[PDB]
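Shown here: run-v2.cif, mmCIF, C-alpha atoms.
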data_model
loop_
_atom_site.group_PDB
_atom_site.id
_atom_site.type_symbol
_atom_site.label_atom_id
_atom_site.label_comp_id
_atom_site.auth_asym_id
_atom_site.auth_seq_id
_atom_site.Cartn_x
_atom_site.Cartn_y
_atom_site.Cartn_z
ATOM 1 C CA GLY A 1 5.353 14.631 7.628
ATOM 2 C CA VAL A 2 7.453 16.653 5.190
ATOM 3 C CA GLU A 3 10.809 17.691 6.656
ATOM 4 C CA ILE A 4 13.039 19.886 4.498
ATOM 5 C CA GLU A 5 16.827 19.633 4.877
ATOM 6 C CA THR A 6 18.307 22.194 2.515
ATOM 7 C CA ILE A 7 21.758 22.446 1.019
ATOM 8 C CA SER A 8 22.026 26.223 1.116
ATOM 9 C CA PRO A 9 22.528 27.975 -2.251
ATOM 10 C CA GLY A 10 19.742 29.301 -4.428
ATOM 11 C CA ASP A 11 17.502 32.332 -4.070
ATOM 12 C CA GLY A 12 14.783 31.634 -1.500
ATOM 13 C CA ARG A 13 12.281 33.848 -3.326
ATOM 14 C CA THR A 14 10.969 32.029 -6.424
ATOM 15 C CA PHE A 15 8.284 29.946 -4.905
ATOM 16 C CA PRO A 16 6.343 27.571 -7.165
ATOM 17 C CA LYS A 17 2.621 28.258 -7.425
ATOM 18 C CA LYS A 18 -0.432 26.517 -8.826
ATOM 19 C CA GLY A 19 -0.624 26.283 -12.591
ATOM 20 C CA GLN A 20 3.175 26.475 -12.858
ATOM 21 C CA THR A 21 5.173 23.803 -14.687
ATOM 22 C CA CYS A 22 8.487 23.024 -13.007
ATOM 23 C CA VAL A 23 11.618 20.938 -13.585
ATOM 24 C CA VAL A 24 13.028 18.758 -10.789
ATOM 25 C CA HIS A 25 16.146 16.577 -10.676
ATOM 26 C CA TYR A 26 14.897 13.884 -8.332
ATOM 27 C CA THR A 27 16.702 10.780 -7.095
ATOM 28 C CA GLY A 28 15.098 8.008 -5.076
ATOM 29 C CA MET A 29 16.638 6.448 -1.986
ATOM 30 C CA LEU A 30 15.345 3.748 0.351
ATOM 31 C CA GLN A 31 15.808 4.057 4.105
ATOM 32 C CA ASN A 32 18.488 1.521 5.129
ATOM 33 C CA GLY A 33 18.494 0.304 1.542
ATOM 34 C CA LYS A 34 19.614 0.782 -2.043
ATOM 35 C CA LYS A 35 18.359 3.157 -4.721
ATOM 36 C CA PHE A 36 15.171 2.660 -6.704
ATOM 37 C CA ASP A 37 14.761 5.727 -8.949
ATOM 38 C CA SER A 38 16.813 8.517 -10.504
ATOM 39 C CA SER A 39 16.080 11.319 -12.943
ATOM 40 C CA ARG A 40 19.865 11.639 -13.276
ATOM 41 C CA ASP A 41 19.943 8.286 -15.085
ATOM 42 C CA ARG A 42 17.599 9.087 -17.967
ATOM 43 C CA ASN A 43 18.608 12.801 -17.820
ATOM 44 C CA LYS A 44 15.164 13.914 -19.028
ATOM 45 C CA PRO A 45 14.436 15.951 -15.924
ATOM 46 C CA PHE A 46 10.712 15.244 -15.451
ATOM 47 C CA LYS A 47 8.741 18.320 -16.460
ATOM 48 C CA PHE A 48 5.594 18.450 -14.314
ATOM 49 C CA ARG A 49 3.127 21.067 -13.101
ATOM 50 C CA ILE A 50 1.501 21.980 -9.792
ATOM 51 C CA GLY A 51 -2.156 21.493 -8.937
ATOM 52 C CA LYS A 52 -3.253 18.226 -10.589
ATOM 53 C CA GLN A 53 -2.091 15.636 -7.979
ATOM 54 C CA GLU A 54 0.253 14.181 -10.585
ATOM 55 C CA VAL A 55 3.022 13.596 -8.038
ATOM 56 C CA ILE A 56 2.546 11.909 -4.657
ATOM 57 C CA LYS A 57 1.555 13.962 -1.613
ATOM 58 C CA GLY A 58 4.910 13.943 0.178
ATOM 59 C CA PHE A 59 6.730 15.062 -2.957
ATOM 60 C CA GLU A 60 4.050 17.687 -3.641
ATOM 61 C CA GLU A 61 4.428 19.510 -0.325
ATOM 62 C CA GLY A 62 8.191 19.322 -0.789
ATOM 63 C CA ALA A 63 7.821 21.166 -4.095
ATOM 64 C CA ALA A 64 6.155 24.325 -2.764
ATOM 65 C CA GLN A 65 8.503 24.510 0.246
ATOM 66 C CA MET A 66 11.545 25.042 -2.007
ATOM 67 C CA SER A 67 12.799 27.748 -4.348
ATOM 68 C CA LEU A 68 14.991 28.213 -7.412
ATOM 69 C CA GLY A 69 18.389 26.534 -7.257
ATOM 70 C CA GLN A 70 17.875 25.087 -3.773
ATOM 71 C CA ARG A 71 18.859 21.518 -2.914
ATOM 72 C CA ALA A 72 16.688 19.908 -0.254
ATOM 73 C CA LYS A 73 16.409 16.363 1.102
ATOM 74 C CA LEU A 74 12.930 14.891 1.400
ATOM 75 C CA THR A 75 11.800 12.286 3.932
ATOM 76 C CA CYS A 76 8.419 10.977 2.804
ATOM 77 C CA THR A 77 6.303 9.192 5.385
ATOM 78 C CA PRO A 78 4.703 5.870 4.355
ATOM 79 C CA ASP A 79 1.109 7.000 4.951
ATOM 80 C CA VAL A 80 1.273 9.743 2.298
ATOM 81 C CA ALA A 81 2.753 7.725 -0.590
ATOM 82 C CA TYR A 82 2.584 3.919 -0.437
ATOM 83 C CA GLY A 83 2.622 2.604 3.147
ATOM 84 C CA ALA A 84 -0.699 0.782 3.212
ATOM 85 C CA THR A 85 -0.436 -0.263 -0.450
ATOM 86 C CA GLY A 86 3.163 -0.680 -1.580
ATOM 87 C CA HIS A 87 4.035 -0.122 -5.222
ATOM 88 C CA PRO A 88 4.076 -3.605 -6.813
ATOM 89 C CA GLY A 89 7.571 -5.075 -6.935
ATOM 90 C CA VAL A 90 9.284 -1.697 -6.501
ATOM 91 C CA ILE A 91 8.134 -0.314 -3.135
ATOM 92 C CA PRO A 92 7.107 -2.574 -0.235
ATOM 93 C CA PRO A 93 4.198 -1.617 2.025
ATOM 94 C CA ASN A 94 5.122 0.546 5.041
ATOM 95 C CA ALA A 95 8.132 2.164 3.380
ATOM 96 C CA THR A 96 9.728 5.495 4.293
ATOM 97 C CA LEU A 97 11.243 7.212 1.272
ATOM 98 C CA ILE A 98 14.254 9.497 0.820
ATOM 99 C CA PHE A 99 14.660 11.883 -2.114
ATOM 100 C CA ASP A 100 17.515 14.036 -3.393
ATOM 101 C CA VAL A 101 15.704 17.024 -4.895
ATOM 102 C CA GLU A 102 17.095 20.094 -6.641
ATOM 103 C CA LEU A 103 14.652 22.647 -8.055
ATOM 104 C CA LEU A 104 15.997 24.077 -11.318
ATOM 105 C CA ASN A 105 12.703 25.147 -12.860
ATOM 106 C CA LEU A 106 11.164 27.852 -15.031
ATOM 107 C CA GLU A 107 8.012 30.038 -14.823
#
Starting from the coordinates I provided, produce the structure as structure tokens.
Amino acid sequence: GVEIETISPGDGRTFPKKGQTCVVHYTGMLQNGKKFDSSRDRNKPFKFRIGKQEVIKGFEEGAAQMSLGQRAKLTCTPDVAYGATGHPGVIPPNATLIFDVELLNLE
């Protein structure tokens, strides 16, 4: 259940592929709640690649459905990230997640 809500500007052509290492400014948001995570805090913008299941499934499908310079808004369903489990102390079980994602990558 990946729904993309894009703030317009960017290119719409540089799509990330497998074996490509990308740079994402993410920011976590809880539905009807406070924040829990931000790459803007540490300002080391989380260099990761595509094709190793490093990220969670809802964030992974949100990566390939974006392009260079775009600014989307993810809405991750509980069943793809942590809904049955819950990340201990940080994410409760059955939690729907919101992410502020801008793709300023390379490659």
Suppose a student applies the PyMOL selection byres ((chain A and resi 107) around 9) to this structure; what residues should they get, written as a PDB file with C-alpha atoms, in the coordinates of the input?
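Wrote selection.pdb, looks like this:
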ATOM      1  CA  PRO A  16       6.343  27.571  -7.165  1.00  0.00           C
ATOM      2  CA  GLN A  20       3.175  26.475 -12.858  1.00  0.00           C
ATOM      3  CA  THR A  21       5.173  23.803 -14.687  1.00  0.00           C
ATOM      4  CA  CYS A  22       8.487  23.024 -13.007  1.00  0.00           C
ATOM      5  CA  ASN A 105      12.703  25.147 -12.860  1.00  0.00           C
ATOM      6  CA  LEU A 106      11.164  27.852 -15.031  1.00  0.00           C
TER       7      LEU A 106
END
Atomic separation - CA of residue 68 in chain A relative to CA of residue 96 in chain A, Å: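 Taking CA of residue 96 in chain A as the start and CA of residue 68 in chain A as the end point, the length is 26.1 Å.
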Spatial neighbours of residue 12 in chain A, max dist 8 Å, only C-alpha atoms, sep filter under 6 positions, as a PyMOL selection string: chain A and resi 66-68+70
Within-10 Å shell of (13.9, 15.5, -4.1) in input frame, only C-alpha atoms, as a PyMOL selection string: chain A and resi 4+24-29+38+59+62-63+71-76+98-103
Residue subset to file, keeping C-alpha atoms, as an mmCIF file, keeping the file's coordinate frame:
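Once written, out-v2.cif looks like this:
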data_model
loop_
_atom_site.group_PDB
_atom_site.id
_atom_site.type_symbol
_atom_site.label_atom_id
_atom_site.label_comp_id
_atom_site.auth_asym_id
_atom_site.auth_seq_id
_atom_site.Cartn_x
_atom_site.Cartn_y
_atom_site.Cartn_z
ATOM 1 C CA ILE A 4 13.039 19.886 4.498
ATOM 2 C CA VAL A 24 13.028 18.758 -10.789
ATOM 3 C CA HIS A 25 16.146 16.577 -10.676
ATOM 4 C CA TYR A 26 14.897 13.884 -8.332
ATOM 5 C CA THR A 27 16.702 10.780 -7.095
ATOM 6 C CA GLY A 28 15.098 8.008 -5.076
ATOM 7 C CA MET A 29 16.638 6.448 -1.986
ATOM 8 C CA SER A 38 16.813 8.517 -10.504
ATOM 9 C CA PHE A 59 6.730 15.062 -2.957
ATOM 10 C CA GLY A 62 8.191 19.322 -0.789
ATOM 11 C CA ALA A 63 7.821 21.166 -4.095
ATOM 12 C CA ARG A 71 18.859 21.518 -2.914
ATOM 13 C CA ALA A 72 16.688 19.908 -0.254
ATOM 14 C CA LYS A 73 16.409 16.363 1.102
ATOM 15 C CA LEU A 74 12.930 14.891 1.400
ATOM 16 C CA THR A 75 11.800 12.286 3.932
ATOM 17 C CA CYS A 76 8.419 10.977 2.804
ATOM 18 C CA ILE A 98 14.254 9.497 0.820
ATOM 19 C CA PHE A 99 14.660 11.883 -2.114
ATOM 20 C CA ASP A 100 17.515 14.036 -3.393
ATOM 21 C CA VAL A 101 15.704 17.024 -4.895
ATOM 22 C CA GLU A 102 17.095 20.094 -6.641
ATOM 23 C CA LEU A 103 14.652 22.647 -8.055
#
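Note that CA of residue 57 in chain A and CA of residue 86 in chain A are 14.7 Å apart.
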N, CA and C atoms are needed for range 35-57 of chain A; please write them out as an mmCIF file, in the frame of the given file.
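Written output follows (part-v3.cif):
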data_model
loop_
_atom_site.group_PDB
_atom_site.id
_atom_site.type_symbol
_atom_site.label_atom_id
_atom_site.label_comp_id
_atom_site.auth_asym_id
_atom_site.auth_seq_id
_atom_site.Cartn_x
_atom_site.Cartn_y
_atom_site.Cartn_z
ATOM 1 N N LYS A 35 19.147 2.229 -3.934
ATOM 2 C CA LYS A 35 18.359 3.157 -4.721
ATOM 3 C C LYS A 35 17.245 2.425 -5.458
ATOM 4 N N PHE A 36 16.248 3.196 -5.886
ATOM 5 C CA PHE A 36 15.171 2.660 -6.704
ATOM 6 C C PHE A 36 14.788 3.551 -7.873
ATOM 7 N N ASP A 37 15.198 4.817 -7.901
ATOM 8 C CA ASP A 37 14.761 5.727 -8.949
ATOM 9 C C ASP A 37 15.756 6.871 -9.051
ATOM 10 N N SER A 38 15.934 7.377 -10.272
ATOM 11 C CA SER A 38 16.813 8.517 -10.504
ATOM 12 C C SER A 38 16.445 9.195 -11.813
ATOM 13 N N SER A 39 16.175 10.500 -11.743
ATOM 14 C CA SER A 39 16.080 11.319 -12.943
ATOM 15 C C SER A 39 17.443 11.587 -13.558
ATOM 16 N N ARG A 40 18.512 11.442 -12.774
ATOM 17 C CA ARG A 40 19.865 11.639 -13.276
ATOM 18 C C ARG A 40 20.296 10.522 -14.214
ATOM 19 N N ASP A 41 19.629 9.369 -14.162
ATOM 20 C CA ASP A 41 19.943 8.286 -15.085
ATOM 21 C C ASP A 41 19.471 8.618 -16.492
ATOM 22 N N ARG A 42 18.164 8.821 -16.653
ATOM 23 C CA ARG A 42 17.599 9.087 -17.967
ATOM 24 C C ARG A 42 17.931 10.483 -18.467
ATOM 25 N N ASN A 43 18.211 11.415 -17.551
ATOM 26 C CA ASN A 43 18.608 12.801 -17.820
ATOM 27 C C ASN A 43 17.551 13.587 -18.591
ATOM 28 N N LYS A 44 16.300 13.136 -18.552
ATOM 29 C CA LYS A 44 15.164 13.914 -19.028
ATOM 30 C C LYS A 44 14.436 14.405 -17.788
ATOM 31 N N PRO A 45 14.679 15.631 -17.338
ATOM 32 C CA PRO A 45 14.436 15.951 -15.924
ATOM 33 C C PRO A 45 12.995 16.248 -15.529
ATOM 34 N N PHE A 46 12.040 15.461 -16.042
ATOM 35 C CA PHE A 46 10.712 15.244 -15.451
ATOM 36 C C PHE A 46 9.921 16.551 -15.298
ATOM 37 N N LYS A 47 9.553 17.110 -16.446
ATOM 38 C CA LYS A 47 8.741 18.320 -16.460
ATOM 39 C C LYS A 47 7.328 18.011 -15.970
ATOM 40 N N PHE A 48 6.937 18.618 -14.850
ATOM 41 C CA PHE A 48 5.594 18.450 -14.314
ATOM 42 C C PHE A 48 5.101 19.788 -13.782
ATOM 43 N N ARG A 49 3.798 19.857 -13.548
ATOM 44 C CA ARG A 49 3.127 21.067 -13.101
ATOM 45 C C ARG A 49 2.636 20.897 -11.670
ATOM 46 N N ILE A 50 1.998 21.944 -11.161
ATOM 47 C CA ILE A 50 1.501 21.980 -9.792
ATOM 48 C C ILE A 50 -0.007 22.177 -9.834
ATOM 49 N N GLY A 51 -0.732 21.341 -9.105
ATOM 50 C CA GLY A 51 -2.156 21.493 -8.937
ATOM 51 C C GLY A 51 -3.036 20.431 -9.572
ATOM 52 N N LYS A 52 -2.476 19.292 -9.975
ATOM 53 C CA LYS A 52 -3.253 18.226 -10.589
ATOM 54 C C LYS A 52 -3.125 16.893 -9.870
ATOM 55 N N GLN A 53 -2.414 16.856 -8.734
ATOM 56 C CA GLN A 53 -2.091 15.636 -7.979
ATOM 57 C C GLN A 53 -1.404 14.598 -8.861
ATOM 58 N N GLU A 54 -0.525 15.078 -9.739
ATOM 59 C CA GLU A 54 0.253 14.181 -10.585
ATOM 60 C C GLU A 54 1.293 13.439 -9.760
ATOM 61 N N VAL A 55 2.038 14.172 -8.941
ATOM 62 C CA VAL A 55 3.022 13.596 -8.038
ATOM 63 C C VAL A 55 2.330 13.132 -6.765
ATOM 64 N N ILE A 56 3.048 12.370 -5.945
ATOM 65 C CA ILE A 56 2.546 11.909 -4.657
ATOM 66 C C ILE A 56 2.511 13.070 -3.671
ATOM 67 N N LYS A 57 1.852 12.861 -2.526
ATOM 68 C CA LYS A 57 1.555 13.962 -1.613
ATOM 69 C C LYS A 57 2.797 14.448 -0.877
#
